[PDB]
Every structure is written in structure tokens, then in C-alpha cells.
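The structure under discussion appears below in the form of C-alpha cells.
Each chain gets a letter, A, B and so on, in the order the sequences are listed, and its residues count up from 1.
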Amino acid sequence: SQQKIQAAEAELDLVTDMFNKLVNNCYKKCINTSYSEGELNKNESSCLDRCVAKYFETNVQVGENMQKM
Amino acid sequence: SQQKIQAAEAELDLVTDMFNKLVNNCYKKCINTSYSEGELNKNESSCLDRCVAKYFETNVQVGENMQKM
Amino acid sequence: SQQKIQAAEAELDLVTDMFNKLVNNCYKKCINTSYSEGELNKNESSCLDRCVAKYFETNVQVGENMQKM
Amino acid sequence: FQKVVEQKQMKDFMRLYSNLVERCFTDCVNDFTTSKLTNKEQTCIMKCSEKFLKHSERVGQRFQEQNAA
Amino acid sequence: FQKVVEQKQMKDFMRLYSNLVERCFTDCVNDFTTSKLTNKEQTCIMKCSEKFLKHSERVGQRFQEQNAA
Amino acid sequence: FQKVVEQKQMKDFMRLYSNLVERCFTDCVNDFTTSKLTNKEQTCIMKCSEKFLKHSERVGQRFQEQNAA
């Protein structure tokens, strides 16, 4: 179905949007710019990994919450 | 006119966008999450009604302001 | 090329988006609403000019930074 | 169109979900010493989910009433 | 296209209006003990409307100058 | 489509660039006594550019790992 492919536009739409919220969200949670130096330090680096992980865990969590009600 | 129907896309575009600003705006005006419990209390509930109402009143108001100048 | 014209949609897409970020950014940098009167004063007016200018200077700057790495 | 509505409706749903995820991740997930949601973060996300959906429901109801006028 | 421009222009106008409404609702409407704008909230919205449109006008002017370069 | 992907990819790139410009203009350019970036504002934009691209890179890497699951 031609319109069915609309799913790619719809899905890649949510995939891009989510990735952008992820980027902005995790920046606020993990990045401190005060007197910082262009390099992404170790602590900021791991915070990001864990941040990205909890964000997906949050997706599913919120997904199961909508499924309940 | 085929392109005229574009109005539906254009209108439903502004209707959806407005509704989303409304949702986010009224959340900030009326919702306090500090030590809150998942239930939407009476005070939050009425605040919302009045919030949604003043938002439309604000639309028209701002609409008449653009019409003036 | 029909799809090549997509460039107009793509370009005018970034031109509109940028202009909107510009408007919102420069508002925060230059506009003080506290006890203000609907008129845009001289100081707010020049701040805007310089703000709009540094924003473009920032574009190119950031553009050259991405080109480096 | 009507096909646009069905698509717009799909995009709309992908909207809430996304905004909800972002809303609750921002208010609930503040610890990144690990990669998994604690017990407290899930509960918080549970309440946030509920509160937001409820809020979003109420505003939708008012939005329809004031929309017919 | 050129048809895209006319549509993009329509979308652009729907943009300001919306952003303006949101800008002024956020800065002016803070009382929700009632469902109608007080006298003060309308005036505030009057000034906000003006200030924003003016600001938005000025930035547009600078945006065109620096755009030709 | 696949053509959508190429377009979506183009839109995506226009995204970062834009968000980056806005991110660094907001954090670095705070002086408007002139129309040109000082020495300090360019350096700041240099570091911000780097930090953001790096951050954006890391999150993208995690986003791909957790995406396959």
C-alpha cells in the first residue's frame, strides 16, 4: 500500500523527534557549561550513557502506563 | 479546488498546534507537581477550565489587536 | 529536477526556522517586559539590530566550526 | 482530505506519547549513577503519567466545548 | 514551487499569531479565579501584542538586510 | 520511501546546525554594545560547538545501540 508506506514517514518522524528530545533532555541532565572546556569529560560521558538508557526505559514505562488506562 | 483543501491541512495545522500550546501553557499555569499524587485535584481541575477559557479569550483579544494595526 | 526543487522547501524551511529562532532568541536577549510600555524603546531597538547581526555572525562561526571537524 | 485527518491523528498520538515521555523524564529521572530506573523513579513516572493524561484529558474536554463556539 | 511559498507564507502567518498568543498569555494571564480576562489582563495583552509585533517587525527588517549579504 | 529518507536526512542536518547555532548563541553571546562577536564570544562558541557536537555524537552512539534492542 502506497499510503501504508506513510508509516515510514510517521515512524521515522517519531524516531527523529524522539532522538532530538533525547539530545536536548540529556544535555540538561548531564552537561554543565560553567567554566567548561570544549572536551566532553568522563563524568559527562557516562552520565550520557545512563541518561540515554533511562530515557528508553522511561519510554517503555510510559508506554505501559498508557496501555493500562 | 484541490489546493484549496490545503485549508484543512492549514487549519487543522493551527488547531492542533494551538491545542498543544494550550495543553503546555495551562499545565504551567495550573499544575504543581511538588509532592503531588497522580490524581488531578479539584483546584487544579477548575484552574484548567478557567485557563482554557482565558486562552481563547486571549486568542480573540490578540486577534483584534492585529486587526487594529 | 522536480525533486531538486525540494531544495526550495528545504531551504525556505531552514530560512523560516532560523528567522523564528532569531525572533525568540533576540527577544530574550533584548526585551525586558517588567513594567514596560507597548512601545519598543531606543535601547531595545539598537540591541535588536546588534543581536540580529551577532546571530548571523554566530551562524557562520558555527558553520566554520563544523567544517573544521 | 480525510486521509490527512487519519495521518494527522496518527501524528497527534505520536505527539502526546512523546511529550508525555519528555514531561515525565524531565520531572522524575534525576539520578544517573546507574542505567536503570529506581523504584521511586517508576512510581514518579506512574503518577506523572496519570496526572498528565488526566490534565490532557480535561483540557481536551474544555477545548471541544469552547471550540464549538 | 511558488505554490509552496504561498502555503509556507500562510503557515508563517499562522505561526506569528500562535506564538504571539502564547507569548502574551504566558506574560499576562496569571489569575484563574475567573474565566474572563480582567481589565488589566487585556491592557497587558494590548501592550504585549504591540511590543511583540514591533520587535518582530524590527528583527524582520534587520533579517532582510543581513540576508542579502 | 527512500527519497523521504534522503530528504529527512537533509532536514535532520539542517536541524543540528540550527539547534547548535541557537544553543551557542544563547550561552555565549550576551553583550550587545556592538554588532560583532568579541574574541571571547568566538572562543566560547568554539568550545560550545565542540562540546555540543561531541555530546550529540555520544548520544547518537548510545541511541543506535539501544535502538537495535
Close side-chain approach of C/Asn65 to F/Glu50, heavy-atom, < 4.5 Å: no
Non-hydrogen side-chain atoms of D/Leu53 and A/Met66 separated by less than 4.5 Å: yes
Test: C/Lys54 and C/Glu57 ion pair at under 4.0 Å: no
Under 3.5 Å side-chain donor-acceptor pair for C/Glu44 and C/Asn41: yes
Contacts of type side chain to side chain contact (heavy atoms under 4.5 Å, CB included), residue D/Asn30, not counting sequence neighbours: D/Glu41
Thiol sulfurs of E/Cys28 and E/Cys48 closer than 2.5 Å: no
Side chain to side chain contact (heavy atoms under 4.5 Å, CB included) against C/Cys51, all qualifying residues, sequence neighbours excluded: C/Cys26, C/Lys29, C/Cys30, F/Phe25, F/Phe32
F/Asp27-A/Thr33 side chain donor-acceptor pair, cut-off 3.5 Å: no
Donor-acceptor contact below 3.5 Å, side chain E/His55 vs main chain C/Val23: yes
Distance in Å, D/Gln64 CD paired with D/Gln61 CD, rounded so as to fall on 0.5 Å steps: 9.0 Å
Short N-O contact, A/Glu39 and F/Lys47, less than 4.0 angstrom: no
Non-neighbouring partners of E/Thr33 that pass side chain to side chain donor-acceptor pair (under 3.5 Å), sequence neighbours left out: E/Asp31
Partner residues of D/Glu22 under the side chain to side chain contact (heavy atoms under 4.5 Å, CB included) criterion, sequence neighbours left out: A/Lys21, A/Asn25, A/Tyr55, D/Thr26
